[PDB]
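Notes follow the structure.
Bear in mind that the values in this text are calculations on the coordinates, not laboratory data. A quick note on method: Cβ atoms are made from the backbone with ideal geometry, for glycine too, and the neighbour counts reach across all protein chains shown.
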Number of protein chains: 2
Amino acid sequence: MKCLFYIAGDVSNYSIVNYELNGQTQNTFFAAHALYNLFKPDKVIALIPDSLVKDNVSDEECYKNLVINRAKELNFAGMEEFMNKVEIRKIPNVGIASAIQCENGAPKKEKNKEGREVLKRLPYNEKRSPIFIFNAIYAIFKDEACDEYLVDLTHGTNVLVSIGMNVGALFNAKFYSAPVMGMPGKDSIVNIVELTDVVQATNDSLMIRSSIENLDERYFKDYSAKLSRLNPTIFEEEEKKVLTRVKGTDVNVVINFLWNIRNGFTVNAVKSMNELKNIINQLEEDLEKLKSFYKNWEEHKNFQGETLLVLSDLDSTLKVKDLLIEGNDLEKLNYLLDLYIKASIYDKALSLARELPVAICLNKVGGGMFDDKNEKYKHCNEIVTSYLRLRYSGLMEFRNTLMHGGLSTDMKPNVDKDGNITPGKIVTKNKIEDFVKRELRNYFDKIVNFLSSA
Amino acid sequence: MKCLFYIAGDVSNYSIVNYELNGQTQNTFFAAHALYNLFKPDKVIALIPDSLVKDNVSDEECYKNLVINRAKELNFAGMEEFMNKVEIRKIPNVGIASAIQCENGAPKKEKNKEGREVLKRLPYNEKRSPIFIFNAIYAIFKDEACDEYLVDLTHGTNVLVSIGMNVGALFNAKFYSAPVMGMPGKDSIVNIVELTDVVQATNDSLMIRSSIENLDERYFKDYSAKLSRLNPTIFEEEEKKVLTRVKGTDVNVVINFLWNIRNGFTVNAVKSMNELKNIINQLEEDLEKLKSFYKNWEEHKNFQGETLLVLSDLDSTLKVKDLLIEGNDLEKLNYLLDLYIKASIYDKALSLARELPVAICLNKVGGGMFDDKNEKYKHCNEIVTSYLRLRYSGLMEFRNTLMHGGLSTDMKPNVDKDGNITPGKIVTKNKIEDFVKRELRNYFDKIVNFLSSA
């Protein structure tokens, strides 16, 4: 059960036009009607501000009559399923507006000495909060319990269409708008454009910039599906060069790189690092060409109407350059530790801060594998384990508490004879946080300090 | 270095008004000017669509002249120093628009048989994609490299203000718009509204809705700071009741509940669960009251200006009812395992799936502490460890592979005398993904089935 919302707006001076949205066309005089017939929602919500219509009992019924009083002035078709299958809900607006005056569900007409016009008593000055209007729009949206949504922004004030769009994004809502901008008389095909792709594409970039900042791959929205079907009809052989080098920027390598980081596979994360420097460098200068095309779009068409390829998806990916450091793999892990601390992922930070110091000696002792069989590891792990317990009683104690959690030999909870626990250990939280974010890198450095001269 | 952008718009018919934004007032004839004097940006960007101004050399030069040619008709003071501290950058628009025609950097004036006017040749009809306009505005915003941003939406088409707002959100921009909707003559104070809080309030809810779905607390934006200073001046002593139950809605316990889950303190997370069911009960039935207030906002205007308290922040918090199951703490963990799999965090899922069956025996065996001294644990852990290695060699095999990452006795990389790795135990993303998501719960249930009869 779909719903489709729109902003009301005064429609007494709109003309009959052919609105078109993706091949299908309809002949009405305002977008909501033309949009209604295209998608056939099970109900429709009108959302009429105070900027039009206020009488003494129920303003809502005057609006229903103003469209009927205008469907007469243009002798437009039946249109009666619309008026009898529409739920109208009044919403606030912000001051400087000028409001129509109705009387008892019919619009007040008055004399202008030349021709007959409607009585606008322009009394609308109201100082309202945007979050107040926002809260009011949210309440309408939640309490209709729809599935699909759909939203028309064609006909609202600059301030309301702004607030309405943000509410719609909370409901998997598709956005539609037809730029009226003047009266083209009867006919002159006006195009309705689908704003849904923009709203989706901006939340996509907030997740990505923060998926890199938090080292979490389940936030990186996978737009590789998009670049595959990225095919315009006619693009120049200069654009063919940069655009076909972007279709090939294999974003899978950066998702795999995060997944490997998130789950603790520091090896295939560090190993895979120098390969990303190739990918984001190619994407760095491939965006810079693309970034230059859209900068002076002037007569840079071909694109000029292509739905795929969003610069935001690319430029937000470039923040993954922050997770890349040039150098040798043992020092790449040393950087990866710091990444595990800026982002607040504590367990992996401790375990690497313990295991990396063993590898850094293995280098100093001429290399060896990480098995107990390998004697050079067996003995470096001893020095690390023993030096820790000598001066840094703290490090291992925390790491052991984060690896095995509550419900472990380490926390010692007390399962009672009835199915519920009585844990015997305070989760320390800030002592944990104060240690990892303020101490760990320093403890780690003093460990490697001692091991250098081996 | 601040910036302040605005949408251009036709200024030939704007009048002189008192723009007001937070006590301060400035006196100009279009909002973008008044905003500049208030915030003192280091530069200003014009952003001229094609919807106004088309001449033969530089469309950019006519707008700057069209603002001055209106700065004469109202003999407004400054403006000509302003006009050259404004860098004019041309942006696209979408069809049916009707454009002014300039000639040589001055607007073409014509004779209207009544009065002298500028020739609007209404030749603007364009089929552009919204993302195209978006990409071009993005290029403008990124390549200006500001610190603060600021954006005026007072003066743009509905389609541009939609697309423009989304660009601003990727640059931590504060949004401003003045509801024009008509000419209020000279004076009649027009108010600048700050749309910035709405945009923040909707991404804040996107992060909250996704913080619960992924069991990650560093996404939950904490609005409790807001509720502390949430106190209106005059609120009815019915609203005093419901609103005083919201300042006290202690959200700190739900963030702590997330942090405890992400880091593995499954005990004190589960222990704290039955306390949360009380909290979302109060916030659920307190949200329904608030939601009805904004449902009859028509005369409930003691909020008509309250900036704090966003419904989205509250209603999005309610999604945590999804992480709640009533019952005894042993079965609450049994649900917590499933949660560690819905959200794709495998290690905590595996490690809980191993230690929980040890607890589930202790109940059946009359309770005991989780320490090695306590023989009841000592012997239950033996049975599970032994039954696993008999029938489920896999569970522990992966669990041990996820707790300890690469750089461990379990993965066996080789660290060579030059500072490189070389992985040993190759386990792929999908072998892990397939095991936890498809098998673990079945392996886990059959363990408890066997242990039931103890």
Shortest first and in nm to one decimal, what separations exist between B:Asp147 and its copies in the other chains, measuring from label points 7 Å along the Cα-to-beta-carbon line?
-> 5.2
Toy charge model, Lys and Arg Cβ at +1, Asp and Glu Cβ at -1: region B:275-432 dipole around Cα centroid in debye, rounded to 20, equals 900 debye
Once phi is turned into ³J(HN,Hα) by the Karplus curve 6.51 cos²θ - 1.76 cosθ + 1.60 with θ = phi - 60°, what whole-Hz value does each residue of region A:23-32 show in order, with x for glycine and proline?
-> x, 5, 10, 9, 10, 9, 10, 8, 4, 4
Quick note on A:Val448, A:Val358, B:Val180, ordering by fewest other C-beta atoms within 10 Å, gives A:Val448, B:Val180, A:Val358
Mind pulling the angle between the C-alpha long axis of helix B:59-73 and the longest principal axis of chain B? Nearest 10 degrees, somewhere in 0 to 90.
-> 60 degrees
Would you mind checking which residues have amide H under 5 Å from A:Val190's amide H? H placed 1.01 Å from N; only 5 or more apart, or other chain.
-> A:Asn18, A:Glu20
Ranked packing of B:95-107, B:200-212, B:224-236, most packed first, by mean Cβ within 10 Å | B:200-212, B:95-107, B:224-236
In degrees from 0 to 90, rounded to the nearest 10, what is the angle of the helix A:393-403 Cα long axis to the longest principal axis of chain A?
-> 50 degrees
Return the inverse of the average 1/r over all pairs of distinct C-alpha atoms in region B:273-350, which is the Kirkwood hydrodynamic radius, in Å to one decimal.
-> 15.1 Å
Compute the normalised compactness of region B:101-162: alpha-carbon radius of gyration over 2.2 N^0.38 Å, N being the residue count.
-> 1.62
Counting only other chains, what is the mean number of Cβ atoms within 10 angstrom of the Cβ of each residue in peptide B:290-301?
-> 4
For the protein assembly as shown, size of Cβ-based charge dipole, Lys and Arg +1, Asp and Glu -1, in debye = 1060 debye
Relative contact order in percent for region B:174-317 (Cα pairs under 8 Å, 6+ apart) equals 27 percent
What distance in nm separates the simple spin-label points at B:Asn442 and B:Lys321, each placed 7 Å from Cα in the Cβ direction?
-> 3.4 nm
Per-residue Cβ contact counts at 10 Å, fewest first, order A:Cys380, B:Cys3 as B:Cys3, A:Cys380
Could you line up A:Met181, A:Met79, B:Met403 from fewest to most neighbouring Cβ atoms inside 10 Å?
-> A:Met79, B:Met403, A:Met181
What is region B:304-410's relative contact order, in percent, from Cα pairs under 8 angstrom and six or more apart in sequence?
-> 19 percent
Mean per-residue count of partner chain Cβ within 10 Å for A:163-176 equals 3
Taking the simple approach of a point 7 Å from Cα along Cα-to-Cβ for both A:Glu80 and A:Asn296, what is their distance in nm?
-> 6.1 nm
Classified through the alpha carbon gyration tensor (a ≥ b ≥ c as square roots of its eigenvalues; rounded if a/c is under 1.5, else prolate when a/b is larger than b/c, else oblate), region A:75-130 comes out oblate
Prolate/oblate/rounded call for region A:162-287, Cα gyration tensor, a/c under 1.5 rounded = oblate
Tabulate in residue order the Karplus-calculated ³J(HN,Hα) for region A:2-12, using 6.51 cos²θ - 1.76 cosθ + 1.60 with θ = phi - 60°, rounded to whole Hz; enter x for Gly and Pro.
-> 6, 9, 6, 9, 8, 7, 5, x, 6, 10, 5
For the A-to-B rotation axis, chain A residue with nearest beta carbon and its distance in angstrom = A:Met403, 3
May I ask you to evaluate 6.51 cos²θ - 1.76 cosθ + 1.60, the Karplus curve with θ = phi - 60°, for each residue of region B:87-100 and list the ³J(HN,Hα) values in order in whole Hz, giving x for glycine and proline?
-> 9, 9, 9, 8, 10, x, 9, 10, x, 6, 8, 6, 10, 4
Taking alpha-carbon centroids only, region B:188-257 lies from region B:58-127 a number of Å equal to 44 Å
Determine, from the Cβ-Cβ distance of B:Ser272 and A:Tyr387 and an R0 of 30 Å, the FRET efficiency 1/(1 + (r/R0)^6), rounded to the nearest 0.05.
-> 0.20
How well do other chains shield peptide B:342-349, expressed as the mean number of their Cβ atoms within 10 Å of each residue Cβ?
-> 3
Top positive-direction residue, dipole computed over region A:226-292 with Cβ charges, set A:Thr233, A:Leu243, A:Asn263 | A:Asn263
Using only Cα atoms, locate the centre of region A:311-388 and the centre of region B:372-444, then give the distance between them in Å, rounded to an integer.
-> 20 Å
Convex hull projection area averaged over all views, chain A, Cα basis, nm² = 33.7 nm²
With a point put 7 Å past each Cα toward its Cβ, work out how far B:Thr25 is from B:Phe39 in nm, to one decimal.
-> 2.2 nm
For label points placed 7 Å from Cα toward Cβ, what is the shortest-first list of nm distances from B:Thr244 to its copies?
-> 7.3
Distances from A:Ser453 to the same residue in each other copy, label points 7 Å out along Cα→Cβ, in nm, shortest first?
-> 6.5
Enumerate the amide H contacts of A:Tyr124 below 5 Å, restricted to partners 5 or more residues apart or on another chain; note that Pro and chain-start residues carry no placed amide H.
-> A:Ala97, A:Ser98, A:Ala99
Per residue of chain A, what 222 nm ellipticity follows from adding -39500 (n - 2.57) for every DSSP H run with n ≥ 4, rounded to the nearest 500?
-> -14500 deg cm²/dmol
Chain A: angle of helix A:329-342 to the longest principal axis, Cα-based, in degrees nearest 10 | 50 degrees
